[PDB]
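# Coordinate analysis (summary)
Letter by letter, the chains look like this.
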Amino acid sequence: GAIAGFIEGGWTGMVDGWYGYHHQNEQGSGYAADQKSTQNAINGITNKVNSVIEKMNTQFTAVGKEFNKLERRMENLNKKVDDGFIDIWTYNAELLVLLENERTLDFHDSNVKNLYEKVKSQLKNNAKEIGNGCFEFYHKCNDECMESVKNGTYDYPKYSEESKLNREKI
Amino acid sequence: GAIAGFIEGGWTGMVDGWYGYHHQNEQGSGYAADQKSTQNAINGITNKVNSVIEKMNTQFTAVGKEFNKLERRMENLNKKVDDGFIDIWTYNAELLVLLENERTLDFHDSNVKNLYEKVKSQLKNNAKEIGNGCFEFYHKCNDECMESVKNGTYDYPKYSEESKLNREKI
Amino acid sequence: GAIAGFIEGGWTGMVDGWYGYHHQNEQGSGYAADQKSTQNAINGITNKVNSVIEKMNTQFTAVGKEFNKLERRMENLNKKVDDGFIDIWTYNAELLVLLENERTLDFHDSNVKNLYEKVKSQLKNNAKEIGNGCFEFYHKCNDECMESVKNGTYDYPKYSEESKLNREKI
Amino acid sequence: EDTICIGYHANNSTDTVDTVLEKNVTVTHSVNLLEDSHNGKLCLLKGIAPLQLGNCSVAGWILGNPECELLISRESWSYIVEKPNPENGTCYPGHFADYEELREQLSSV
Amino acid sequence: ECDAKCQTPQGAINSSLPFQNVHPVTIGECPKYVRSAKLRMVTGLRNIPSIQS
Ligand SMILES: *[C@@H]1O[C@H](CO)[C@@H](O[C@@H]2O[C@H](CO)[C@@H](O[C@@H]3O[C@H](CO)[C@@H](O)[C@H](O)[C@@H]3O)[C@H](O)[C@H]2NC(C)=O)[C@H](O)[C@H]1NC(C)=O
Ligand SMILES: *[C@@H]1O[C@H](CO)[C@@H](O)[C@H](O)[C@H]1NC(C)=O
Ligand SMILES: *[C@@H]1O[C@H](CO)[C@@H](O)[C@H](O)[C@H]1NC(C)=O
Ligand SMILES: *[C@@H]1O[C@H](CO)[C@@H](O)[C@H](O)[C@H]1NC(C)=O
Ligand SMILES: *[C@@H]1O[C@H](CO)[C@@H](O)[C@H](O)[C@H]1NC(C)=O
Ligand SMILES: *[C@@H]1O[C@H](CO)[C@@H](O)[C@H](O)[C@H]1NC(C)=O
Ligand SMILES: *[C@@H]1O[C@H](CO)[C@@H](O)[C@H](O)[C@H]1NC(C)=O
């Protein structure tokens, strides 16, 4: 394969987390997931999931009610009530599961983009937006610079002047 | 009018679908909706709508219960139960209709933007982001190139060199 | 402090509204909230809040039902019904409050970004995207130009030629 | 000079829907979920013609009031129709014990 | 002489839909009755006529 990600697809070879980086260096290549965004995404989901169980109270149950022959009016009201409540709850659970699976799926693809942007505005001109979710460095950098990008530091002046010449190769 | 779209407004003259293109060529002008994004948007909505009816089960009805003079306690519990369930359901329907109309309206204006971007990253420097939802081609192209943009191919090297000179006209 | 906003944080010194501008001029500095976006955001929230009370009908209440010694079957159905409805309503309110607080919080940070973009596409090359939510003017402008940016006019040709030279200072 | 544009659809539709933040928002397309169409006619549910008691009551009907003449193939129905205030109930006066209960026994027939 | 799937005390319904505002008392396969006046879901989008049209 030609590697790349985000707009292309998912990385089978990454394990550390949900969101990460690839990097192509002279000091090897690989994958390294950003655990800061992954944790601040895990926290969210954990609290989305737990907030569903913590609100839906585990309740003591008592159901079994018995009516005689000349009481089928009440037997049918008990039936009306028993089925009526199962009806509401089956709807309520079934809807929230579909509606929030939708919200979890958008949450991620937003977190991914919100990270693709973190880097774009961090590097600028010093790299081209080569085909989908990747950047082609206009200056060639050390693993120290890679981990500078990953932890948000980078330091734009160091490589700005270097890139200025390599960018002009048109 | 001055044509343009997306940020300006809606196209009365387009029929093929919800999302599309205009194009200004030497080989005429018009409208041509992108049915690939329109179908992958129709599918969504069809499944949003159908998922509302498919969950809300069409139920057999039985309501009419009769109580005597010295039974108004039960008559009022039947009333409590009858009104109580209509109360929940009227809220439940009324809320989902307002909440998901909101979600359908955001879904579209996202699909539109997610297509305006498809083209921006496909062309790059070979066109300027002229006033709202439009691009002004820096090289002048054949209907074949137009339909190359529409079906995502385009081919950036062919017109890159052409545009390089026309862009310099400052 | 170094001022700046949006991606950095909130402005304690702004009062006029939720969304606004700072500006650094030769004719002083300060804050001025964009009441057009703030009103078209207040309207939304007012209608989100009011749409919650306007649907949830203020209802006449009657609860107190009394049963004898040889009637504890009905007493328990009244209890089943009374608790059952409080159960649904406590869930229904508690969920909508959590779910729409989420939607209000995303609504804002979208409105903010949708305004940061309004300006980016209005100025273009005539300013650099200096560190988070700010622009550094490539031409130096009058309070008249500032209020031209704020009310969307700006007028790109006036300062385009000016900036063209100052941008070249590399 | 050559251009290209991205834009959404628009037509002549007056369909106003509502949201959480906005209300009476005119849209291109929309689908209804509420029904208000009643033909004012009692039809045969399933294909089984229902029991049209007439001026009679449930009591009247089953006890065999001399006016209630429907003791025929009116053994098979889909549902039972009663006139709100039925004039032909119990001819000789009295009390129909647990009347209401019997109505439910007959409801399931 | 009609044949229904849904029968009310003030007429009959075409139970394709999921909600009803006609009458709570019904027999047969009927769409659940609610009090609501208008229930319209948006399929399309905000109808805006640009520039001059
Ligand atoms: C079946 O239904 C018919 C029609 O509802 C019953 O007929 C009506 O019965 C009432 C008594 O229950 C009659 O009222 C009488 O009116 C005169 C008025 O001068 C008054 O003097 C009497 O004291 C009494 O109130 C009424 O005339 C009679 N006729 C009609 C056509 O309404 C009938 O009794 C019912 N039969 C059975 C067997 O259920
Ligand atoms: C990022 O990592 C480098 C490693 O040398 C370190 O110097 C820098 O302080 C780190 N930045 C932050 C914000 O932690
Ligand atoms: C796009 O259309 C052109 C028409 O000549 C065709 O050659 C090309 O293969 C198409 N691309 C795709 C991805 O279908
Ligand atoms: C913006 O303000 C300036 C103030 O001189 C005014 O000339 C211009 O017409 C205003 N624009 C709009 C769209 O209101
Ligand atoms: C617009 O107007 C005509 C009436 O002249 C109407 O019949 C037609 O369906 C409308 N167009 C659309 C696209 O709905
Ligand atoms: C706006 O909504 C109100 C609700 O009271 C209604 O009376 C009115 O007819 C609606 N108008 C339009 C144009 O939809
Ligand atoms: C039913 O009662 C009405 C009362 O006005 C009467 O006109 C009609 O003839 C009655 N029909 C029968 C069959 O008793």
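It is worth spelling out the overall build of chain A at this point. For chain A, the helix and strand inventory stands at four helices and four strands. Along chain A, helices (α) and strands (β) appear in the sequence β-β-α-α-β-β-α-α when read from the amino end. Overall, the C-alpha framework of chain A stretches about 95 × 30 × 25 Å when taken along its three principal axes. Each of the 170 residues in chain A was classed as buried or not, and the buried ones make up 29%. The contacts in chain A between residues at least 6 apart in sequence include a share of 48% that link residues at least 24 apart. For chain A, the exposed area adds up to about 11,000 Å²; of that, 54% sits on carbon and sulfur atoms. For chain A, the distance from the average site of its 21 positive side-chain charges to the average site of its 26 negative ones is 4 Å.

Let's shift gears to empty space enclosed by the protein. Applying the stated criterion to the full structure yields three cavities of 30 Å³ or more. If you add up the space inside the largest cavity, you get close to 250 Å³. Lining the largest cavity we find 15 residues, and of these A:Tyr91, A:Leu95, B:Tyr91, B:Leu95 and C:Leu95 sit closest to its centre. Of all elements in the fold, only α2 (72-123) of chain A, α2 (72-123) of chain B together with α2 (72-123) of chain C reach the threshold of two or more residues within the lining of the largest cavity. Among the residues making up the lining of the largest cavity, the classes are represented as 12 nonpolar, three polar and no charged. As a volume, the second largest cavity reaches approximately 100 Å³. When contributions to the lining of the second largest cavity are tallied by element, the ones reaching two or more residues are α2 of chain B together with α1 (35-55) and α2 of chain C. Its residues assigned to classes, the lining of the second largest cavity shows seven nonpolar, one polar and four charged.

A few words now on the interface of chain B and chain D. Counting residues at the interface gives 45 residues for chain B, matched by 23 residues for chain D. When chain B packs against chain D, the two sides together hide about 3,100 Å² of surface, and 59% of this comes from carbon and sulfur. Summed over the three residues of chain B that lose the most area to chain D, namely B:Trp18, B:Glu66 and B:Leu98, the buried surface amounts to 17% of that side. Here chain B and chain D share two salt bridges between them.

Turning our attention to the arrangement of the chains. Take the nine pairs of chains in contact: the one carrying the most contacts is chains D and E. Looking at chain C next to chain E, you find no contact at all, with the nearest C-alpha pair sitting 10 Å apart.

Each value, and the rule that gives it
Residues numbered from 1 in each chain as written, not as in the entry; some residues may be left out. Chains lettered and ligands numbered in written order. Part of a larger assembly, values for the part shown. Heavy atoms only, no water. Helix = DSSP H or I, 4+ residues; strand = E, 2+ residues; numbered from the N terminus. Buried < 20%, exposed > 50% of the residue type's maximum accessible area, 1.4 Å probe, protein only. Contact = heavy atoms within 4.5 Å. Areas by Shrake-Rupley, 256 points an atom, 1.4 Å probe, with all protein chains shown as cover. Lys, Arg positive; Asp, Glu negative; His and termini not counted. Charge placed at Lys NZ, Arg CZ, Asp CG, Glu CD. 1 Å grid on protein atoms, 1.4 Å probe; cavity = no way out; pocket = protein on both sides within 12 Å on 5 of 7 lines; lining within 4 Å. Points joined across faces, edges and corners; volume = space filled by probe spheres on them. Nonpolar A, V, L, I, M, F, W, Y, C, P; charged D, E, K, R; others polar. Buried area = accessible area lost by both parts, 1.4 Å probe. Salt bridge = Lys/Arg side-chain N within 4 Å of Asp/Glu carboxyl O.

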